[PDB]
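Subsequent text provides structure tokens for two forms of one protein chain, presented individually as structure 1 and structure 2.
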Structure 1
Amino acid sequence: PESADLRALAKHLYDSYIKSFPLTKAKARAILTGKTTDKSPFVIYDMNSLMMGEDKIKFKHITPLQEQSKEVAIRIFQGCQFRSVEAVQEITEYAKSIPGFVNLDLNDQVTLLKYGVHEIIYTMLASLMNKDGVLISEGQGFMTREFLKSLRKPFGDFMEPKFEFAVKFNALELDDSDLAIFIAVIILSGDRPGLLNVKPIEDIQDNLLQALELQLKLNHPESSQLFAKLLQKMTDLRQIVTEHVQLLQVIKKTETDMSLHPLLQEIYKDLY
């Protein structure tokens, strides 16, 4: 039957996911709880600890310090920006691994990513979150929810909606194999604005959706309507990307000291 093909698709996606995303949910949960037995992320809970562990790495990542003169809120907000930039590239790599994606019209590929990357970023952000904080720098750091919320307006609440989403989403207990297919389904959304050829996209998504359904039935036998609940989360993620686009407008009304990374400028352009 075609069920075997659906399991092969699910496995292929999982393997690609492992290859594309350095910090898996499995590894994240281990850190957030206990088993790291090697990690021990630096905890940032206030201004003092922030200074102390401004990632601490002398600074090996690209773009040295000197990001200074800019207040804490702006620096943290820009840090999230560069994280997204990295994430967009990991996600693009992943999307190109989905059977049929690279054969789609190139402009539609751009459109699918443009409208899909943030939805995926917030989905995976949940993997690194618990009710008290979020892992940063591949688990080398942990910033508390309370700290992020203490940031001056309008920065003190850009993370709050994500944490709220995460708590409910994580309650569903999806694992990396589930997430790989879930993410693929989000990317292949035929209702993105401006798509040229909707049919080929829907064909691919219908198959991914069947694969997701079977994956949930086998991997979460006793989870009633997990599939139905998951589809709903799809629409919720939509709301977060729009809710965030707003706060991003209120921000450019006061700080002409922000400046958005070119890749994010392109993605946000005429998004919503």
Structure 2
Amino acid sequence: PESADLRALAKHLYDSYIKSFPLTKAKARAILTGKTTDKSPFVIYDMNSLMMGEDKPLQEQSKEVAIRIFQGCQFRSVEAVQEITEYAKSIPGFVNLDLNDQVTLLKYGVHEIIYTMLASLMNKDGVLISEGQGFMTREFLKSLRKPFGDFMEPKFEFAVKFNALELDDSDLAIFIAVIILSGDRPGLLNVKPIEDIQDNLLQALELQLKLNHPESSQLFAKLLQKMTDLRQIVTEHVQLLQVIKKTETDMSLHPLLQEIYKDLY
């Protein structure tokens, strides 16, 4: 009965996730594998293939190129933000929380979730861009001038490890709900009901991983460590902000590469 209720919670979350997120992990992987009906993504793997790509314009200045990238990617994240917000409303107990706390939890949580989404678009070789119609290689991105060449590499490093857990959508639904109901965000008024919902979600997650991945070893534990890696990845992004503001001049970047980065995070 306890276990039945943990299974029912997992199902509720999964159904709600499918309703809220059009871009699922299964859909990303079907594009990355080829199972998909339609023709494959165009591969950008060098400057020539970059120029030969145009599936997507004003003249950007030197010491602004990087900040304009971070700002632009954050603005294009809004539909994800809205999707996550919608999913969050379906998490039992969440809308009965203090409005102030709902907003806080999302303000911090969304960035961690956006990285989990980013991982679904990646493999060890590259990342899907331009609504899944393009594929930009990891090798190419790593080859670009300092500081840009170090922008994406750590997200690939995380994504290879995270994707090695082999989570599916039904697992990810509960994972993301666990990330959102973090009782340690700064400024929370009433933590008790938050940590209480998250404890229930943690139960549900444990059982889901046992049932969906009976073969695995410390999958629960390994997955919980990824919250740290996401945390860590989010806290860091600032360290990129301040390598920029004083870098060995200049920060020219080809306009198609600036366009591509605004699709990342």
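In this text, the rigid core denotes the largest set of C-alpha atoms whose superposition between the two forms falls within 1.5 Å. Residue numbering: structure 1 sequence, from 1.
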(request) Determine, with the core as the superposition reference, the one member of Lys199, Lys153, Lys131, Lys168 that shifts its CA by 2 Å or more between structure 1 and structure 2. (result) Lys153
(request) Superpose the two forms on their rigid core, then report whether the C-alpha of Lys70 is displaced by 2 angstroms or more between structure 1 and structure 2. (result) yes
(request) Note yes or no: does the Cα of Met51 move by 2 Å or more between structure 1 and structure 2 after the core is superposed? (result) yes
(request) Determine whether the C-alpha of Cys80 shifts by 2 Å or more between structure 1 and structure 2 once the rigid core is superposed. (result) yes
(message) Core-aligned, what does the C-alpha of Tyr17 shift between structure 1 and structure 2, expressed in angstrom?
(response) 1.1
(request) Would you mind giving the Cα movement of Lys253 between structure 1 and structure 2 in Å, after fitting on the rigid core? (result) 5.5
(request) Just grab the Cα shift of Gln265 between structure 1 and structure 2 for me, core aligned, in angstrom. (result) 19.2
